[PDB]
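**Q** Below is the structure I would like to discuss, written out as structure tokens.
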Amino acid sequence: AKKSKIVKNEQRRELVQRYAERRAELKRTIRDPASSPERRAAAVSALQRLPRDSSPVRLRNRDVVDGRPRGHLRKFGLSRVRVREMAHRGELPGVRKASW
Amino acid sequence: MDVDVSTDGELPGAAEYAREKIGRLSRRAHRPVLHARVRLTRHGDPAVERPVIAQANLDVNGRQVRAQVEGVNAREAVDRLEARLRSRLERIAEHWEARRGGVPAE
Amino acid sequence: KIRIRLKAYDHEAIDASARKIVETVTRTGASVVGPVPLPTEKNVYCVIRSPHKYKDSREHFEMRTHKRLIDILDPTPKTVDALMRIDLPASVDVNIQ
Amino acid sequence: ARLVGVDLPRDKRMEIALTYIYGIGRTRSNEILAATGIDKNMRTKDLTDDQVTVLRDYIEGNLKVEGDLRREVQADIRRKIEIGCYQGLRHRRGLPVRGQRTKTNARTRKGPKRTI
Amino acid sequence: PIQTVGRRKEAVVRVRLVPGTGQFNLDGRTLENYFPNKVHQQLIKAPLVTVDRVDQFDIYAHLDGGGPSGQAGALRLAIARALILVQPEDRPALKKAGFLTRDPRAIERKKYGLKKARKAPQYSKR
Amino acid sequence: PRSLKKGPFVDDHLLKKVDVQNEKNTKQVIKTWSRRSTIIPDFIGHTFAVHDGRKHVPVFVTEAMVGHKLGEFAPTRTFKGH
Amino acid sequence: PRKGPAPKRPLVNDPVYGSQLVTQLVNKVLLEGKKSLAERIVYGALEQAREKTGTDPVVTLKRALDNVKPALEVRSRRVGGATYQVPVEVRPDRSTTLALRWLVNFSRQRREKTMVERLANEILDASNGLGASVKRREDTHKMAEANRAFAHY
RNA sequence: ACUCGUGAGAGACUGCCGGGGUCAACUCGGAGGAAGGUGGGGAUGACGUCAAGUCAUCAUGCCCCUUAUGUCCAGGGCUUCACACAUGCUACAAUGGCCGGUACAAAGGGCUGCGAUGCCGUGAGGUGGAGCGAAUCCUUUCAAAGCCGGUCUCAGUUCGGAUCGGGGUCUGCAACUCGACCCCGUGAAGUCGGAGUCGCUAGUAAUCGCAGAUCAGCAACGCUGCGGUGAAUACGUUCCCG
């Protein structure tokens, strides 16, 4: 798509692995049990202070080379346009046209 | 008769002119017309000698009558579209006066 | 008894793998249950042909995984070493449990 | 029978006859009938006066129905209107207030279709 | 013993026949608790009727797949095969009755671009 | 609505703003951008300049409007009729 | 049917009456594939008719069919670039199909609160010559008669 | 042993018989067989047409911006509504609604995912984690229509669910604009729909449920598949379209 947006997606992923791995997950563990004292702890407020880009909810599965944000397939990490072209060329092992 | 015009780009005044020019053809149709639509488009490339493209579709009692013309401006395209639609409706009539010379005789 | 699980994208490759696997384990002198087939697993995906619009034109693709199961008995260390000393085609995987 | 100023239907099963009360639906009718004890399958013409009294006192005790409920709902809507909230001006011009689409639908709040 | 199978559009019936009385054991349930429909019972017992050999064979059946109708059809085909195995010479009467032919009427595969196997999306010329 | 376990969501910015505003019992006009913040009984007297998209609308909180969010009282779209 | 006539489906006889006609009737009243419900409706209607009249369902059903069975109909035929309502002779199979269809359809519009009762009343009236299907047969025969002049082509 | 799973193979080739046929193609009927005449369905789309669609999957000639038409962020918008058109879903009910009992599928998915037993809620759901990279465990042992029993008695109703008030759950940093679901109440239009028009030839139309992709959550009634129950009709090319 756009080079800047392809890059920014990756930057979100490295931000996610750096922050969402433990910082943005221990706060969730605090909020889960009503027994846990969340209200004074401000685990909500502390987790607000974290960057938005820490949250995986901001991620977007784009095509691994093409950058296409829609028509994505999780098995291949490829757009529907690219999967069709590489399967036809025999590039994805064990993939072929269907009949039944 | 009510017409909907789906213009495109910058065609100021084309919608009203097309509406009033096409709505006059209701009397020409020998059967009631339903949901008569028009569409105006302009070619982006300046290399086209007739950039404006006009399309019209009418539903005369279930029979679809469509026409398409090209022109240098909205007014010329609308006028040519009106002439084309008039010719099509003339050829569509199907009433007795237009189907009396083809019925076997003698 | 240990299970040898054979998964392949290719039918002929899976058959060859089973055949020489049983060949070497019966060379080493072990009782084999034979290449028991397992249900083929099918993955199906439907895509649209054209880059833009034209939704009504679709392509289907599938991926087919064939599965073979080998069960042997009397696991002598000679058979164990022979098993760890086998070269296999890259289409076929081996799971030893 | 006259129940809280509401004339019950001529012949209905008791919970569904009680549904005719403005503050009672079906679940409320079923649970209150179970609580006070009168049978649910028994008709309206078989009610004894003591039964009318016991439903009267129970309903007036742990329920609010009819005029009080109507006026409380009206007052709530009016107060929601007068504070200037989104639902306020939504109520003022007779449009759906729960985020419903209005491009094509919402003739219920708009009333019957008008032409122009 | 003798055992046969009948197949009807994803319904499979494995049948075992003995010379006992006219008792049906469909996975431990009788012809009433299983198949509570008179038409299905006719479809089941038709080969016996045309072969005259009703109430002289005790049947056990293992059923899997399909619904009641497909299961009944597969069971009838399996009964016909068991009858022909037990007595060959009545093949005409059964074969002219059509009970010896498997029915290749399966669910047609759905196609892309259509709502169903043959139903097409509504097309408005306007 | 927000789950009861998590507690009401109020942004920290206007939070510390209102604690420093109510500590001297004076209620000056507070200008904020966080429409998503709910209304706390600590806002009863304060008036907020809540963002709309073009400007800030002044909203004087009362006891009735507690529990709502600020964005309720800053209508975004302007429609007058055809 | 451009390449010739199509084969007919040989529907089977009924279990509790042993006649083709009742099976045809249950197939006609069949809706959404609920064959059990259609069979229940037809059997109940036949039993109701038996209780009312005291005779066998099948004989009065056949009497009703013969009462509502048409013999002449009207079809739109185009000869010489002109269309006319030509009376045409009806084959026996088409007459039986039309009679059964009329019986079912007119029984569906009755006001007897239940399909079984409506069907029983309709079949009894057709047996006695009072049903609306009898009226439809009279009207279609009248229309065939009125256009007899166009019978020559 | 019977299914089933998946490897190899056989089996339909007008092979045989009778008759039409230029004794030619081909055609009608019959036997056999599971299947008879390209068995059923798919994949496969000739030269080209319509300057068809796509400079927004991607690439690209030329032109243009380059302290911006590039790039970062918050908020908002793409969800606006006096109307018009199109595709669908739910209905207008007794071939039904509600309640209780009860029987049968196929296919597919699952590791920081599927997630059971148990316990707490009326219910979304909460706690908890058994077992599973899975013909094993979980999606419940899988369904609903279906069958049996009770009730409703033709009414704008025990139909229909819109709209609205209040109270909650889950995800997400955040459900105001702008999520889904749960509970209580509320109970609109709607009485089978004009001119006109669409789909379908058999496991088809109709109807019922299940699963998957995308996906933190969902606007999914959409799309792609799977099975359950399963019809009517075709006289024949005069008219309509290609």
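**Q** Please name whichever of D:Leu33, D:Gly23, D:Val54 sits farthest to the positive end of the charge dipole of region D:1-71, dipole taken about the Cα centre and charges placed at Cβ: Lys and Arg +1, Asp and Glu -1.
**A** D:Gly23
**Q** Express the relative contact order of chain G as a whole percentage, based on alpha carbon pairs under 8 Å and six or more residues apart in sequence.
**A** The value is 25 percent.
**Q** If you don't mind, there's one more thing I want to ask. Grab the other residues whose beta carbon is less than 14 angstrom from that of D:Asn41, score K and R as +1, D and E as -1, and report the net.
**A** Around D:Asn41, the charge tally is +1.
**Q** Less than 24 Å apart at the alpha-carbon level, and either on another chain or at least 8 residues along: which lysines does that give for G:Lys52?
**A** Partners within reach: G:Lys28, G:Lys62, G:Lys69, G:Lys113, G:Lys135.
**Q** Quick check: convex hull over the Cα atoms of region D:72-116, volume per residue in Å³, rounded to an integer?
**A** 89 Å³
**Q** With +1 on each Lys and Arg Cβ and -1 on each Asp and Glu Cβ, how big is the dipole of region D:72-116 about its Cα centre, in debye rounded to the nearest 20?
**A** I would put it at about 380 debye.
**Q** Would you mind calculating the relative contact order of chain F from Cα pairs under 8 angstrom and at least 6 residues apart, reporting the percent as a whole number?
**A** Relative contact order for chain F comes out at 25 percent.
**Q** Looking at the square roots a ≥ b ≥ c of the eigenvalues of the Cα gyration tensor of chain E, which shape do they give, rounded for a/c under 1.5, prolate if a/b is larger than b/c, or oblate?
**A** Verdict is prolate for chain E.
**Q** Sticking with this one: What does the structure give for B:90-99 when I average, per residue, the other chain Cβ atoms found within 10 Å of the residue Cβ?
**A** 0
**Q** Positive end of the dipole of chain F, charges at C-beta (+1 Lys, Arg; -1 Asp, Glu), about the Cα centre: which of F:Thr32, F:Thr47, F:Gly67 has its Cα farthest in that direction?
**A** It is F:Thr32, whose Cα lies furthest towards the positive end.
**Q** Determine the shielding of peptide A:39-48 by partner chains: average, over its residues, the number of Cβ atoms on other chains within 10 angstrom of each Cβ.
**A** 3
**Q** Given just the C-alpha atoms of chain B, how large is their convex hull per residue in cubic angstrom?
**A** Hull volume over Cα atoms, normalised by residue count, gives 103 Å³.
**Q** Taking the dipole about the Cα centre of the protein assembly as shown, with the C-beta of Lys and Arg at +1 and of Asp and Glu at -1, give me whichever of F:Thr76, G:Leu11, G:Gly129 is farthest to the positive side.
**A** It is F:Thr76.
**Q** Is region B:1-40 best put as rounded, prolate or oblate by its Cα gyration tensor, with a ≥ b ≥ c the root eigenvalues, rounded for a/c under 1.5, and otherwise prolate when a/b is larger than b/c, oblate when not?
**A** Taking the square roots of the gyration eigenvalues as a ≥ b ≥ c, region B:1-40 is prolate.
**Q** Taking the highest mean first, how do the peptides G:116-125, E:100-109 order by number of other beta carbon atoms within 10 angstrom per residue?
**A** G:116-125, E:100-109
**Q** In debye, nearest 20: dipole of region C:25-77 around its Cα centre with unit charges on the Cβ of K, R (+) and D, E (-)?
**A** So the dipole magnitude of region C:25-77 works out to roughly 360 debye.
**Q** Right, next: When a footprinting reagent is the concern and you count Cβ atoms within 10 Å, what order do C:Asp87, A:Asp53, F:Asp42 take, fewest first?
**A** So the residues, fewest neighbours to most, are C:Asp87, F:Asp42, A:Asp53.
**Q** What number, rounded to the nearest 500 deg cm²/dmol, is the helix-based mean residue ellipticity at 222 nm of chain C, given -39500 (n - 2.57) per DSSP H run of at least four residues and division by all its residues?
**A** -8000 deg cm²/dmol
**Q** Rounded to the nearest 5, what % of the DSSP beta bridges within chain E are antiparallel ones?
**A** Taking every DSSP beta bridge with both residues in chain E, the antiparallel ones total about 80 percent.
**Q** Where nothing but the Cβ of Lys and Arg (+1) and of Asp and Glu (-1) is charged, how large is the charge dipole of chain G around its Cα centre, in debye to the nearest 20?
**A** So the magnitude is around 680 debye.
**Q** Would you list B:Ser87, A:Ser55 from fewest to most Cβ contacts within 10 Å?
**A** B:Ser87, A:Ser55
**Q** Using helices alone, what [θ] at 222 nm do you get for chain F, with -39,500 (n - 2.57) per DSSP H run of 4 or more residues, divided over all residues and rounded to the nearest 500?
**A** -4000 deg cm²/dmol
**Q** Next up: Find the Cα radius of gyration of chain C, compare it with 2.2 N^0.38 Å by division, and give the number to two decimals.
**A** Normalised Rg, Cα atoms only: 1.49.
**Q** For peptide C:42-50, compute the average count of partner chain beta-carbon atoms within 10 Å of each residue's beta-carbon.
**A** Mean shielding by partner chains, rounded to a whole number: 4.
**Q** Please say if the protein assembly as shown is rounded, prolate or oblate, where rounded means a/c under 1.5 for a ≥ b ≥ c the square roots of the C-alpha gyration tensor eigenvalues, and otherwise the choice is prolate for a/b larger than b/c and oblate otherwise?
**A** rounded
Taken together, the values in this text are just the output of simple stated rules run on the coordinates, not laboratory data. All Cβ positions, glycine included, derive from the backbone under ideal geometry; neighbour counts span all protein chains shown.
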